[PDB]
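Single chain ahead, written as structure tokens, the form deposited in one PDB entry.
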């Protein structure tokens, strides 16, 4: 039982823990995600515990239930503004999407080849890092991250397929 900083949203049936320094816009991004049909589990403070050898579960402290704090507007209740479809009691965490402010110095997976992971009580949760830069609609990206994540698990890995075709292309180009 430990508290993690971030926003737990259930996107397309997957638990996704959005992380990043305060100010990056995790709540605001989540707010957009519930409007797109996804569900909010916990905002800011995410209480997680290890359900087992391969499963972490996250939920919000009763006091923060259904709540989002948005700089400028203040506290909003998504259950009250969007109905039961916007909230969920809890979920197992399947993916972590870290929002890291963009700096000319840092790099990011340009190939899904990334094999990053973050430990949460002995459990290695896959982790994805996307850059926060102007003209970036974070919601769309986090959302497609879940989508792609789910697609890869269904047996559709665009990255692996492409690399396979690229070698074929090179073996050939060699004439």
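Numbering follows the first chain given and starts at 1. If you superpose the two forms and keep the largest set of C-alpha atoms that fall within 1.5 Å, you have the rigid core.
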Practice problem: Return whichever of 66 to 74 and 123 to 131 has the greater mean Cα B factor according to the PDB record. | Solution: 123 to 131
Quiz prompt | Stretch with the greater mean C-alpha B-factor as recorded in the entry, comparing 97 to 105 against 81 to 89 | solution = 97 to 105
Quiz item: Going by the entry, which of 32, 47, 115, 44 has the most elevated CA B factor?
Solution: 115
Quiz item: Which of these has the highest Cα B-factor in the record: 17, 151, 14, 24?
Solution: 151
Quiz prompt | Ranked against its chain, the third holding the CA B-factor of residue 57 | solution = highest
Exercise. Place residue 110 in the lowest, middle or highest third of its chain's C-alpha B-factors, as listed in the PDB entry.
Key: highest
Quiz prompt | Position of residue 7 among the chain's modelled residues by C-alpha B-factor, lowest, middle or highest third | solution = lowest
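What comes next is about the form deposited in another entry, which does not appear here.
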Exercise. Could you tell me whether the Cα atom of residue 163 shifts by at least 2 Å between this form and the one not shown after core superposition?
Key: yes
